[PDB]
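J.: Just so you know, the protein sequences line up as chains a, X, b, A, H and Z, in that order.
Numbered per PDB author numbering, the first sequence spans residues 1 to 67.
Numbered per PDB author numbering, the second sequence spans residues 4 to 145.
Numbered per PDB author numbering, the third sequence spans residues 6 to 84.
Numbered per PDB author numbering, the fourth sequence spans residues 1 to 27, 49 to 112.
Numbered per PDB author numbering, the fifth sequence spans residues 1 to 64, 66 to 318.
Numbered per PDB author numbering, the sixth sequence spans residues 49 to 144.
All residues carry an ideal CB built from backbone N, CA and C; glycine is no exception.
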Amino acid sequence: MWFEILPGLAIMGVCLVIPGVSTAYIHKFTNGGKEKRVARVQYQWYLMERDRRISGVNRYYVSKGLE
Amino acid sequence: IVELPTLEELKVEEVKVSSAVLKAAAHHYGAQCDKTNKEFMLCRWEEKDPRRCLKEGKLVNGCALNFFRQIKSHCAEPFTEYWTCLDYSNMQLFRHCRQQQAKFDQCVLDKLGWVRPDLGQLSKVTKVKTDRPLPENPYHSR
Amino acid sequence: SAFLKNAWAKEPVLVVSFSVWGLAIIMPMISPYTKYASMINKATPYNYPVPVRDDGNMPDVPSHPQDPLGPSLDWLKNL
Amino acid sequence: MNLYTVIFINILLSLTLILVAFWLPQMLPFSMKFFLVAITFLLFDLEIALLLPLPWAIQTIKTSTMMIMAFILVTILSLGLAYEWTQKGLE
Amino acid sequence: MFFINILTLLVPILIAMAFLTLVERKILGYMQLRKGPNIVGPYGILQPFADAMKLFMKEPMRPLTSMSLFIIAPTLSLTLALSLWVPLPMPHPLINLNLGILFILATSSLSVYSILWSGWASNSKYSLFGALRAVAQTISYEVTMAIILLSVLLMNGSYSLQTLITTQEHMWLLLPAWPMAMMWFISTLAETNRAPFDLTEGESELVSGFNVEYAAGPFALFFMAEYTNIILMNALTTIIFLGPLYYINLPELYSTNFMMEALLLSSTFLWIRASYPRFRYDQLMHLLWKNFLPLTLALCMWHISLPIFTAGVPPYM
Amino acid sequence: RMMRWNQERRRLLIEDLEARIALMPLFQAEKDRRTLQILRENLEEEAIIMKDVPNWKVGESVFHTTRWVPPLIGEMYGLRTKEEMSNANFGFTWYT
Ligand SMILES: CCCCCCCCCCCCCCCCCC(=O)OC[C@H](COP(=O)(O)OCCN)OC(=O)CCCCCCCCCCCCCCCCC
Numbered sequence: 001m002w003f004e005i006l007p008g009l010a011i012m013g014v015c016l017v018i019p020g021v022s023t024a025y026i027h028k029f030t031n032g033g034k035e036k037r038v039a040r041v042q043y044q045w046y047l048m049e050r051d052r053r054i055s056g057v058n059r060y061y062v063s064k065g066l067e
Numbered sequence: 004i005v006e007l008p009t010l011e012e013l014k015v016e017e018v019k020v021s022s023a024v025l026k027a028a029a030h031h032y033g034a035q036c037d038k039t040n041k042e043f044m045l046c047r048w049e050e051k052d053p054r055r056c057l058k059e060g061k062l063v064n065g066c067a068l069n070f071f072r073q074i075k076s077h078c079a080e081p082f083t084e085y086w087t088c089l090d091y092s093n094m095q096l097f098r099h100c101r102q103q104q105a106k107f108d109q110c111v112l113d114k115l116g117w118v119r120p121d122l123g124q125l126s127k128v129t130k131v132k133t134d135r136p137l138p139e140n141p142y143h144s145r
Numbered sequence: 006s007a008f009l010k011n012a013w014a015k016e017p018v019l020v021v022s023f024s025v026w027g028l029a030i031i032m033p034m035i036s037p038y039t040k041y042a043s044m045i046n047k048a049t050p051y052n053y054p055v056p057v058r059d060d061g062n063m064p065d066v067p068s069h070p071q072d073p074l075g076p077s078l079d080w081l082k083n084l
Numbered sequence: 001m002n003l004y005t006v007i008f009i010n011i012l013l014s015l016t017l018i019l020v021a022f023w024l025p026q027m049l050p051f052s053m054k055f056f057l058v059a060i061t062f063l064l065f066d067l068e069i070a071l072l073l074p075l076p077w078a079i080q081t082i083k084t085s086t087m088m089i090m091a092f093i094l095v096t097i098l099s100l101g102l103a104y105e106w107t108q109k110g111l112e
Numbered sequence: 001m002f003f004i005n006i007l008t009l010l011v012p013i014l015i016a017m018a019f020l021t022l023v024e025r026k027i028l029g030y031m032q033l034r035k036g037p038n039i040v041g042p043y044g045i046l047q048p049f050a051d052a053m054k055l056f057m058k059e060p061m062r063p064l066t067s068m069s070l071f072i073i074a075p076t077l078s079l080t081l082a083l084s085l086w087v088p089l090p091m092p093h094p095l096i097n098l099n100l101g102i103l104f105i106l107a108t109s110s111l112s113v114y115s116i117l118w119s120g121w122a123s124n125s126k127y128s129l130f131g132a133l134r135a136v137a138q139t140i141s142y143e144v145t146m147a148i149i150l151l152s153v154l155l156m157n158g159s160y161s162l163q164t165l166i167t168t169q170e171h172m173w174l175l176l177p178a179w180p181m182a183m184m185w186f187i188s189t190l191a192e193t194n195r196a197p198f199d200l201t202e203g204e205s206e207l208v209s210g211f212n213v214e215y216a217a218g219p220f221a222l223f224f225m226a227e228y229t230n231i232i233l234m235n236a237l238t239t240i241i242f243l244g245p246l247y248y249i250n251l252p253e254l255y256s257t258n259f260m261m262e263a264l265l266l267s268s269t270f271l272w273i274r275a276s277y278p279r280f281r282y283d284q285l286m287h288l289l290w291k292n293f294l295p296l297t298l299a300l301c302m303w304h305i306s307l308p309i310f311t312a313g314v315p316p317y318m
Numbered sequence: 049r050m051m052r053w054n055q056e057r058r059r060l061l062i063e064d065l066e067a068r069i070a071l072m073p074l075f076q077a078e079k080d081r082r083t084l085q086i087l088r089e090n091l092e093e094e095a096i097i098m099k100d101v102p103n104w105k106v107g108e109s110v111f112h113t114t115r116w117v118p119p120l121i122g123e124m125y126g127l128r129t130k131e132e133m134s135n136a137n138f139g140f141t142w143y144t
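(1) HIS287 of chain H lies in the alpha helix (DSSP H); which residues open and close that run?
(2) Using C-beta distances below 6 Å, list every residue in its chain close to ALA12 of chain b, excluding the 5 sequence neighbours before and after it, in chain order.
(3) In the region 113-133 of chain X, which residues sit with their C-beta less than 9 Å from some C-beta in chain b, listed in chain order?
(4) For the region 243-254 of chain H against the region 101-115 of chain H, are there 3 or more C-beta pairs whose distance is under 8 Å?
(5) Determine the chain b residues that contact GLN80 of chain A at a beta-carbon separation under 7 Å, and present them in chain order.
(6) Which chain Z residues sit within Cβ distance under 7 Å of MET1 of chain A?
(7) Give me the DSSP bridge partner(s) of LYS130 of chain X.
(8) Kindly list, in the order they appear in chain b, the residues whose Cβ is closer than 8 Å to that of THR84 of chain A.
(9) In angstroms, rounded to a whole number, what distance separates the CA positions of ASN103 of chain Z and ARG53 of chain a?
(10) Tell me whether the beta-carbon of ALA39 of chain a lies closer than 7 Å to the beta-carbon of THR144 of chain Z.
(11) Less than 6 Å between C-beta atoms, sequence neighbours within five positions excluded: which residues of the same chain meet that for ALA79 of chain X?
(12) Could I get the ranges of all uninterrupted alpha helix (DSSP H) runs contained in the region 244-273 of chain H, with 4 residues as the minimum, in chain order?
(13) Express the C-alpha separation of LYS82 of chain b and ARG59 of chain Z in angstroms, rounding to a whole number.
(14) Give the secondary structure of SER159 of chain H by DSSP, where H, G and I count as helix, E and B as strand, and everything else as coil.
(15) Do you know whose CA, among H:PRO92, H:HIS304 and H:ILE231, lies nearest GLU35 of chain a's CA?
(16) Note down the Cα distance separating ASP90 of chain X from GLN32 of chain H, rounded to an integer number of angstroms.
(17) Distance check for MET12 of chain a and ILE13 of chain H, CA to CA, integer angstroms please.
(18) Does ligand 1 have a heavy atom nearer than 6 Å to the CB of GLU132 of chain Z?
(19) For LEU25 of chain X, would you say it is in contact with chain b, using Cβ-to-Cβ distances shorter than 7 Å as the test?
(20) Who are the near neighbours of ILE140 of chain H in its chain, counting only those whose CB is closer than 7 Å to its CB and skipping five residues on each side?
(21) Is the beta carbon of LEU125 of chain X sitting closer than 7 Å to the one on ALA70 of chain Z?
(22) Can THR238 of chain H be considered in contact with ligand 1, in the sense that its beta carbon sits closer than 6 Å to one or more heavy atoms?
(23) In three-state DSSP terms, what is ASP113 of chain X?
(24) Beta-carbon separation of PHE56 of chain H and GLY218 of chain H under 7 Å?
(25) Please identify, using Cβ separations under 7 Å, the residues of the region 79-92 of chain X that lie next to chain H, in order along the chain.
(26) With a threshold of 6 Å (Cβ to nearest heavy atom), would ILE187 of chain H be considered close to ligand 1?
(27) Below 8 Å, how does it come out for the region 76-96 of chain Z and the region 112-126 of chain Z: are there three or more Cβ pairs, yes or no?
(28) Using 7 Å as the threshold, is the C-beta distance between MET61 of chain H and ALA216 of chain H below it?
(29) DSSP three-state label for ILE82 of chain A, please.
(30) Using DSSP with H/G/I as helix, E/B as strand and the rest coil, what is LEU102 of chain A?
(31) Against chain a, with Cβ distances strictly below 7 Å, would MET183 of chain H count as a contact?
(32) Of all the options Z:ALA77, Z:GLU66 and Z:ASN135, which has the alpha carbon lying nearest to the alpha carbon of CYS46 of chain X?
(33) Check the Cβ of residue 6 of chain Z against every Cβ in chain a and list those closer than 7 Å, keeping chain order.
(34) Given a limit of 8 Å on CB to CB distance, which residues of the region 247-275 of chain H reach chain X?
(35) Taking only beta-carbon atoms, is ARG52 of chain a less than 7 Å away from chain Z?
(36) Using the C-alpha atoms, what's the distance from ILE305 of chain H back to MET88 of chain A?
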């Protein structure tokens with residue numbers, strides 16, 4: 001019947017979720033489990049950069065009250 | 004020449020904590036330590052040069068470090084939980100973390116006695132009477 | 006009026022088109038909120054509020070902005 | 001740079017495909054009416070360009086002014102369009 | 001990593017792009033009382049790969066045509082389509098172009114060059130007419146397409162597609178602004194030269210002006226482009242107007258929901274094609290310079306006043 | 049709903065803008081302190097680069113006024129590592 005148009009769709013869907021799940025986990029892996037900071041405006045880039053300088057070289061590492 | 008100040012003149016303890024840490028305590032720091040900062044601002048504005056307010060800047064930093072030492076000593080755990088959750092978010096938005104914020108805010112009210120400043124009441128202009136001489140002829144007007 | 010009627014039934018886009026043109030030219034003029042826009046946007050604190058020299062006779066916010074004196078946005082709150 | 005990296009891969013992927021295509025298989050109009058529409062386009066495009074800044078103007082302390090100014094922009098151009106119709110230019 | 005994130009977001013879309021043609025040649029089929037392609041492979045799954053290989057193997061005829070432009074137009078087409086998928090705001094978008102919607106609008110406009118140049122390069126009368134007709138309709142639908150977005154943005158506060166995920170945390174922008182959704186949907190149908198608006202390659206009226214002379218590999222690249230676009234524009238409808246649910250803790254839900262809505266609206270233009278005859282050229286443009294453009298202009302005003310008189314100006318973050 | 053949501057969203061926006069309003073004083077000091085260091089550090093190398101050059105005032109305001117003219121980006125990072133300069137110059141246009 002119409003049962004059969006589903007096979008094809010399944011392979012479309014599966015190929016349209018990969019991208020959204022992929023981009024959203026290759027970010028939380030590269031950024032240390034914390035969402036990649038979105039620096040829309042400079043202030044944010046400043047804060048981000050400030051973070052880099054604060055520790056290691058990468059901003060994702062985040063020092064706390066114990067420092 | 005340029006009369007650039009010397010390093011020893013500009014070496015002072017550093018806050019160095021992740022920006023996230025600050026944003027979480029931002030409100031309280033805007034509260035417990037705006038006396039010196041406002042004065043420093045006054046100097047840095049009327050007196051355009053930075054060299055003319057360096058010492059004030061040192062005072063600016065000193066005020067915050069202890070601000071942190073107090074929190075480290077008391078209600079450190081709450082603050083630790085609040086910043087970690089705040090840091091995970093990409094724009095470190097305040098509303099994703101309100102449950103952690105409440106426990107951090109309530110505790111320091113309970114122990115430190117400080118208070119989270121209500122919506123606003125930080126943006127409003129402040130009057131600080133810097134005993135420094137209100138400068139004149141700035142920009143070596145000639 | 007009669008044409009208006011047919012216009013409502015023939016070429017019923019322009020009618021709607023104009024109607025909106027007007028309704029957008031009226032609501033702003035009559036609105037318990039129109040005033041807020043210029044305030045709500047005015048208030049947003051984009052730029053730093055440089056302090057003022059406490060020379061004397063100052064009714065301004067007394068130092069710590071937590072002090073009572075000063076402007077308030079409780080209007081924004083509970084809006 | 002990140003964008004540059006993505007885009008050059010994008011062109012590369014295409015150029016690769018066209019090449020494969022060629023290398024693998026070895027084995049007078051009178052659009053006067055249109056012309057007019059085209060010009061209006063140019064004009065309307067420009068208006069739109071003057072309407073693009075709104076997203077930041079909505080923030081203007083001078084909200085009222087922005088309203089009046091903006092409203093005028095759309096209205097005036099709307100009139101231009103209507104004229105086209107009134108003069109039956111487009112038709 | 002970032003490279004891996006380029007394979008994903010590309011291949012996955014290309015593989016999905018292939019499966020759309022199949023779900024087009026079966027959904028159109030069942031609507032017309034026929035099974036559609038099921039004999040090659042299981043249930044026709046290998047069918048898209050099969051003609052791709054035939055198309056590339058068949059000779060790329062070079063008519064006795067400006068070669069450079071003739072060959073470039075296909076390249077531009079695919080380049081643009083794949084590029085427009087870079088800033089889409091599925092969770093944690095590949096690239097947070099701050100002015101993304103503008104970027105989308107920009108690249109979308111550049112595509113017109115391909116059809117125009119293709120027709121001019123082809124040097125065939127049919128192709129020439131196709132280009133002229135195409136450029137006109139394309140650009141015109143761009144004029145309402147852009148204004149419809151400007152109305153949206155003013156209620157979103159920014160050009161960044163990422164903001165709408167925070168704008169649509171309580172209600173879809175269809176409820177408000179539905180009148181434009183429809184007008185965005187019809188414009189999305191025109192800009193992908195799909196059926197109701199497919200005078201670019203009417204085939205019956207004029208015979209595929211865009212690719213009259215294009216065959217094999219060039220045919221395929223635009224071809225691929227069109228279908229990827231078919232998805233992209235539908236996906237933009239599924240972010241701008243139908244806002245999928247989103248949870249910072251679980252970012253996947255968005256993608257999954259984004260999937261479902263994109264597939265259904267992609268299914269809709271497939272369903273539109275079989276269901277409607279094709280608009281005439283004059284009729285098409287009238288609808289936009291006459292039936293819609295006045296509607297789109299007026300609501301723009303309403304959406305300018307709305308925030309102010311409702312003191313609903315959006316945050317600029 | 050849109051009216052109420054954006055009014056709420058506006059409240060959140062004023063809250064975090066004020067959060068930096070409070071924190072910028074700490075940063076302003078930090079920036080200046082570091083800025084001067086870069087200028088001075090460049091002075092050291094400056095006092096070691098053109099020493100041999102005749103008629104070479106180690107350094108002198110390109111201008112006549114003694115007013116404090118802020119340091120261009122180039123001046124701060126010009127002598128420094130190329131990457132350092134590039135970062136500052138093309139480091140925002142290129143997102144995180
Ligand atoms: C008060 C505050 C401000 C708000 C005011 C709101 C007032 C109420 C809303 C009024 C406008 C509602 C409709 C908006 C879109 C339609 C605009 C329009 O006028 O239609 C033009 C045209 C029909 O015109 P025609 O029949 O030729 O006659 C013209 C007579 N003047 O339309 C067409 O011919 C379209 C042809 C389409 C062919 C394909 C159809 C596909 C149908 C299925 C998909 C429909 C869209 C799905 C969208 C999903 C979500 C994106």
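T.: Looking at the coordinates:
(1) Here residue 287 of chain H refers to the residue found at position 286 of the fifth sequence. Per DSSP, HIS287 of chain H belongs to the alpha helix (DSSP H) from 282-287.
(2) Working through the third sequence from its first residue, we reach residue 12 of chain b at position 7. Here the set comprises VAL20.
(3) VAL118, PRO120, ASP121, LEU122, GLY123, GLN124, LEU125, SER126, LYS127, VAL128, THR129, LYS130, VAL131, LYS132 and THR133
(4) no
(5) Taking the first residue of the fourth sequence as 1, we reach residue 80 of chain A at position 59. Chain order gives the chain b residues near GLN80 of chain A as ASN46, where near means a beta carbon separation below 7 Å.
(6) As a working mapping, residue 1 of chain A is identified with position 1 in the fourth sequence. The answer, in chain order, is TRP142.
(7) On the second sequence, position 127 is the one that residue 130 of chain X refers to. Answer by DSSP bridge pairing, in chain order: b:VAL57.
(8) If you number the fourth sequence from 1, residue 84 of chain A lands on position 63. Residues of chain b passing the Cβ test: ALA42, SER43 and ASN46.
(9) Residue mapping note: residue 103 of chain Z aligns to position 55 of the sixth sequence, counting from 1. Residue mapping note: residue 53 of chain a aligns to position 53 of the first sequence, counting from 1. Taking the straight line joining both Cα atoms gives about 39 Å.
(10) Residue numbering aside, residue 39 of chain a sits at position 39 when the first sequence is read from its first letter. Residue numbering aside, residue 144 of chain Z sits at position 96 when the sixth sequence is read from its first letter. Contact flag set, yes.
(11) Stepping through the second sequence from its first residue, residue 79 of chain X is reached at position 76. Within its own chain, no residue has a Cβ closer than 6 Å to the Cβ of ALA79 of chain X once the five positions on either side in sequence are excluded.
(12) none
(13) Residue numbering aside, residue 59 of chain Z sits at position 11 when the sixth sequence is read from its first letter. Residue numbering aside, residue 82 of chain b sits at position 77 when the third sequence is read from its first letter. Roughly 8 Å separates the two Cα atoms.
(14) Here the question's residue 159 of chain H lines up with position 158 in the fifth sequence. Coil.
(15) To locate residue 35 of chain a, count along the first sequence from 1; it is residue 35. It is H:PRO92.
(16) Here residue 90 of chain X corresponds to residue number 87 of the second sequence, with the count starting at 1. Here residue 32 of chain H corresponds to residue number 32 of the fifth sequence, with the count starting at 1. Straight-line Cα distance between these residues: approximately 55 Å.
(17) Within the fifth sequence, residue 13 of chain H is the residue found at index 13, counting from 1. Within the first sequence, residue 12 of chain a is the residue found at index 12, counting from 1. Taking the straight line joining both Cα atoms gives about 8 Å.
(18) As a position in the sixth sequence, residue 132 of chain Z is number 84, starting the count at 1. Outside the cutoff, so no.
(19) If you number the second sequence from 1, residue 25 of chain X lands on position 22. Judged by the 7 Å Cβ criterion, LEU25 of chain X is not in contact with chain b.
(20) For the purposes of this step, residue 140 of chain H is taken as residue 139 along the fifth sequence, with counting starting at 1. If we look at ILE140 of chain H and ignore the five residues flanking it on each side, its Cβ neighbours are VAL113.
(21) One-based indexing of the second sequence puts residue 125 of chain X at position 122. One-based indexing of the sixth sequence puts residue 70 of chain Z at position 22. For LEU125 of chain X and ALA70 of chain Z, yes; Cβs fall inside 7 Å.
(22) In the fifth sequence, the residue the question calls residue 238 of chain H occupies position 237. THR238 of chain H: yes, Cβ under 6 Å from ligand 1.
(23) Numbered from its first residue, the second sequence carries residue 113 of chain X at position 110. Three-state DSSP puts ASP113 of chain X in a helix.
(24) In the fifth sequence, counting from the first residue as 1, residue 56 of chain H sits at position 56. In the fifth sequence, counting from the first residue as 1, residue 218 of chain H sits at position 217. Between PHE56 of chain H and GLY218 of chain H, the C-beta spacing is below 7 Å.
(25) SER92
(26) Translated into the one-based positions of the fifth sequence, residue 187 of chain H becomes position 186. Yes.
(27) Segments in contact, yes.
(28) Along the fifth sequence, read from residue 1 onward, the residue named residue 61 of chain H stands at position 61. Along the fifth sequence, read from residue 1 onward, the residue named residue 216 of chain H stands at position 215. Taking 7 Å as the Cβ cut-off, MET61 of chain H and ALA216 of chain H qualify as a contacting pair.
(29) Along the fourth sequence, read from residue 1 onward, the residue named residue 82 of chain A stands at position 61. Three-state result, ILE82 of chain A: coil.
(30) Residue numbering aside, residue 102 of chain A sits at position 81 when the fourth sequence is read from its first letter. In the structure shown, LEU102 of chain A sits in a helix (DSSP, three-state: H, G or I).
(31) The residue given as residue 183 of chain H occupies position 182 in the fifth sequence. It does not: the Cβ of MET183 of chain H has no partner Cβ on chain a nearer than 7 Å.
(32) Working through the second sequence from its first residue, we reach residue 46 of chain X at position 43. Comparing Cα-Cα distances from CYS46 of chain X to each of Z:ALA77, Z:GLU66 and Z:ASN135, the minimum goes to Z:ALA77.
(33) One cannot answer for residue 6 of chain Z here, as it falls past the ends of chain Z, which runs 49 to 144.
(34) Those would be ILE249, in chain order.
(35) To locate residue 52 of chain a, count along the first sequence from 1; it is residue 52. Not closer than 7 Å to any Cβ of chain Z, the Cβ of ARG52 of chain a fails to qualify, so no.
(36) Taking the fourth sequence and counting its residues from 1, one reaches residue 88 of chain A at position 67. Taking the fifth sequence and counting its residues from 1, one reaches residue 305 of chain H at position 304. If you take the alpha carbons of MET88 of chain A and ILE305 of chain H, they lie about 7 Å apart.
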